[PDB]
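This document opens with one chain alone, in structure tokens, the form deposited in one PDB entry.
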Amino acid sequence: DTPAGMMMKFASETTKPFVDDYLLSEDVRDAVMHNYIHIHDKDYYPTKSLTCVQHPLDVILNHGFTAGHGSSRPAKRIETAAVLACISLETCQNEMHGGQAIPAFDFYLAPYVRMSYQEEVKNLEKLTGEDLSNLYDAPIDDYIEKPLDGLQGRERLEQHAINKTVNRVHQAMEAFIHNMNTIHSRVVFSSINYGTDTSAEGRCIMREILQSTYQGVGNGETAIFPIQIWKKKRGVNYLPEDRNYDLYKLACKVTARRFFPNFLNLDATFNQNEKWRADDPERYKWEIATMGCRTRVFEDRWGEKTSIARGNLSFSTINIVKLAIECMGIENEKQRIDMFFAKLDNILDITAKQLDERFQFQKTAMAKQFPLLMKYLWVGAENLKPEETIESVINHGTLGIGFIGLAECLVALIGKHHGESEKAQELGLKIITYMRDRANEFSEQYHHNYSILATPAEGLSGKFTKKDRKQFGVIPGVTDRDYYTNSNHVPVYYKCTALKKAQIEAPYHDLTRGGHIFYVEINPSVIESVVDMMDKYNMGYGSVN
């Protein structure tokens, strides 16, 4: 009952009705309280804050950041760069409502491990002066630790300069884990992605944080934050011959007891670009990155295909279960199936209209309303004055239309869900491709970017399930198992193996360009099998615990 929590609760309670009655449209707000649609993070509407953004740390580290009197200076070393990343994630969280994301953590923090290594290199000569000025440009395969027992030369001290460097970076990453875990406010949902940087700095960063989320906080308590995602790329870390196969095995072993990190698939046929090369200094631009809230921002109709500096403005969830339940009553299956798609066409248009309306509201903004947000992070910054109505900056944005509850939808007209019938598994794929088609059509119409999303249901776990009992109730197999199932998942109350669930739920990921997950409830052998199933049936994102 922390007082800061009460202040946040009061703010939310005094803001949400004002948002509903003063900042929305009648048509959309009619469905926002009719269990058809659910606007996410509604309490932050009057503030022109955006949901999530992938922070480009290059500008905030080469240059500084200014917010009020907070005049900072460019970073110098690892113990300042990691803390600056924490400060940026915290400060931006005060100017945004969703979760903060660091795409290619290794790519961002690679140079400030090399700089710290140089700083240490120019310190070991103070004991015994020597002209070692060639360690600024000495290639190193990786930064490893070992006992300093047995050596009779500068090798005893050349490796020691990394021995303290790896410990310094390890303590920095442990502080990063704790600092993102010491939730004392009325809570920051930071997510980091890594796995595709083939350098000594990147691999040291990726190895000294996976071994720190396995030790645990406190006396051995499993940490809750940050959410960690591993990027799997063919030719990089998947095959045994690949470069980062060992880190993939380490991630599997850590997930075997702490249920982290999650896994992301860059070999998906919808996560590819035409400018990715193994030698590109900035290849991380053309690579999809996600967060713990299952958010994807990759393509751009009016911009270069990238994820950096972009993000999501807002999104909302659609309760297809209500439509499916309302579709009952009629006898023939063809008529009910046809009527289900009619109820899905208008709601997609309503959601796209809501997203465009929030786009209208969020424009005519100020660069000084959210410091450090529309000044160094978003794509359009550095070109418009602190008050000159930033409008050439918000075009490169994305919008989401979410859905939840496929199992109870697949039991409303045929009687069996997609775990006991093959007819059901064919109807399930139809009600997602149509959503994708209508999303593309609405993006052509309203002149923006739209996508289809499988919401995590972390704040929608039971609201729709409980409130559906208004015009009906006690329906066997649907309104008898407490929470609604996940977006497109096989019900937990149905006994199933791993292979069958993987085959059933896989095809729904290419259609969902906003986000998705494959969830399995229980040695890294099991995690390896789950990742193999995820890769084989072209899935993408997957979690096991």
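Take the two forms, superpose them, and find the largest set of C-alpha atoms that agree within 1.5 Å; that set is the rigid core. Residue positions are given as counts along the sequence shown, with the first one as 1.
Although not depicted, the form deposited in another entry is the subject of the following passage.
Core-superposed comparison between the shown form and the other one: among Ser307, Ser116, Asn237, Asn262, the single residue whose C-alpha moves by 2 Å or more is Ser116.
A displacement of 2 angstroms or greater separates the C-alpha positions of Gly405 between the shown form and the other one, with the rigid core held in common. The Cα shift for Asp20 between the shown form and the other one, taken after rigid core superposition, is 2 angstroms or larger. Here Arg277 does not count as shifted, since its C-alpha moves by less than 2 Å between the shown form and the other one after the core is aligned.
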